Structure formats: C-alpha cells, structure tokens
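Before any questions on how it binds or moves, here is one chain, the form deposited in one PDB entry, in structure tokens.
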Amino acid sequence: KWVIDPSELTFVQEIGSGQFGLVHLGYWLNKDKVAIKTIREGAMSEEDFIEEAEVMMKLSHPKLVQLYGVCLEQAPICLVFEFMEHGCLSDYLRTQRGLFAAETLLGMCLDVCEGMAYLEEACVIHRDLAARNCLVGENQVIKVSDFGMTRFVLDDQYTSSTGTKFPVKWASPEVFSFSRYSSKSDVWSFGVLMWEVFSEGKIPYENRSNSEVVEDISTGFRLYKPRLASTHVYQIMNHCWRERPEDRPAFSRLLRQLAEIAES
C-alpha cells in the first residue's frame, strides 16, 4: 500500500530544507535507502493528495523519481521518494558549470523528454516542469519529480496565474493567461528547461519582473540561444515556444527529434 508506518522509516541525515520543510536521507524497512520530505501543516491539501494515492502510485518509469508512499500517522506528514544522490538539476548545472560536454547536456534533455513522454502517454500534466524539479541520480541520470503537485499547493500566491510567486518563467501564454494546463503547456516549460540545461543553470529572464516576462512573451520575445546549444537544438527549443499549443510538438515527437540529433 501507499501508507508507510513511522516504524518503517529511520531518519539518518538532514540533506536540505525544501519549500514544505526538511529533506532527510533515510532508510525504508526491507526496501531501500530513501529521501524523506517532511511537509509543514497547511502547505498542502493532504486529503486531496491521499485520495489520488492508490492510482498515482502506479506511475513508474526509469526517468521519473519514484514516490513510494506517505507516512501520515501524525502531523507533519512525510513523503518517501527514491534517493537521488546528486540533488536537483538546477544546482547540479550551476556547480558543474564549464565541465559539461554538449553531448551530456543534450543527454540530460533526453532523460527529461523520455520521462515527460511517459507522463504525456499516461495523460499526467506536470504543471511546473523546471530544472529545480528535476533530480540527478546514479551515473548522472536525470529524472522528473513533483509532477502534478501544484494541484495540492495551498499557497494561492504560487498557484494562481495572478499570484505574486506564480512560476511565470516556465509558463506558456495560455497558462499565464488562463491556467489552461496540458501536455502542450508542459512542452513550453520543457523548452525553458532545455534553455536552463544548455545555459548551465542560468535563470531564464533574470532581468525581468513577472509582468515584463508576460509582456515580452506576448510580443514575440524568446530566450536567446545559449552558446552550448547548436542551431538545431535551438530550433527544437523555439518549437516548444510556439504561441499556439496546437503548433508545439508532442513530447513523443520531441523525443524522436532529440534522439535523432543525439545519435547522429
């Protein structure tokens, strides 16, 4: 089942402090080494989350971080994930800047695109795909995490398109205008993620306010080609940033296109 009893978990070492609380390296009884995320009370709609657990726990892919279960006996609840030794992709790119071969950066995009094609096939919309949400594991494999989690986030400043903390930098126009989420709006976010990877972790639209990003995108501005991205890779990024969702490629199409470039 998705319920993990407190007696089936041991907390070993604090590894960090996330949005909802602390992250620990620990062990899960008779199973494996895990990452345990403690969720502050009031951060999430726990009842809505728990309700979807039996169905959503079944999602599994080598390029998705597995969320094994929830320890909910007492508050604050804990989420139990597969352990990702090298942490988040955004920090990994920034710390290893200047040491990446262009083929490795393309490979990182392919790992994310593969996990996203699995979600697209399963009709699961991420809603906030970014390098900060991707994790780096054994042999520098990239896996997507936190897909669909903004549906449970109780801070309206992050979830509402007009919210002060709304992740506008990764939002397609129909998302930033109407919260019209789809795999095609995840494709737009994926294009921004490809730019974060090829820029070795630079912040997209670093020089702009949320309203300025909205005004720039609406008038045709697009993120500049990173030095490490080839013109062919940049062409794929721009396809992700087409104004109409219908004109953007599906992740299934992007995966075939990016693989052809990687294996050529």
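A residue's number is simply how far along the shown sequence it sits, counting from 1.
The following text describes the form deposited with a small molecule bound, which does not appear among the structures shown.
- Remark: none of the three candidate residues (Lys225, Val233 and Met237) comes within 4.5 Å of the small molecule in the deposited complex, counting heavy atoms only.
- Comment: the small molecule is not present in this chain, but in the deposited complex one of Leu106, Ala117, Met84, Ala171 has a heavy atom within 4.5 Å of it, namely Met84.
- Exactly one listed residue, out of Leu135, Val175, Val192, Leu110, brings a non-hydrogen atom to within 4.5 Å of the small molecule in the deposited complex: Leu135.
- In the deposited complex, no heavy atom of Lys63 sits within 4.5 Å of the small molecule.
- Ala229 falls outside the set of residues with a heavy atom inside 4.5 Å of the small molecule in the deposited complex.
- The closest heavy atom approach of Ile217 to the small molecule in the deposited complex falls outside 4.5 Å.
- Although the partner is absent from this view, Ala250 stays clear of the small molecule in the deposited complex, with no non-hydrogen atom inside 4.5 angstroms.
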